[PDB]
């Protein structure tokens, strides 16, 4: 196979055969296991780099386009990702975006073609 299961207290866990990492969702183990197999490739469409997860490539490509999707709603500054946005708000505004903040806006991705969540443009 590619995993085995483990059950404690009815809780079902899926364990990677290779590194023994534990997953609550089989789809997550599948997502993860590509790291070992490289069955699927995700090549950057701007340079040579290849990635083993779709999202690693996506985040990498955002760096190529320089799009800044995360905007601080307190002062208007924009950031390329959640982490810089959160870092900013905690440091400059002494507030936490965690949970439902209403402190930042995530703009739709426009600088390349990725699946669009409807909630991002209402």
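Positions refer to the first chain, counted from 1.
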Hey, which bit's got the bigger mean C-alpha B factor in the entry, 102 to 110 or 5 to 13?
5 to 13
According to the deposited model, is the average Cα temperature factor higher in 24 to 32 or in 71 to 79?
24 to 32
Chain-relative C-alpha B factor for residue 54 (record values, thirds): the middle
Would you please rank residue 37 by its C-alpha temperature factor against the other modelled residues of its chain and give the third it falls in: lowest, middle or highest?
highest
Consider only the C-alpha atoms of the modelled residues in this chain, order them by B-factor as the entry records it, and name the third containing residue 89: lowest, middle or highest.
lowest
Chain-relative CA temperature factor third for residue 47:
middle
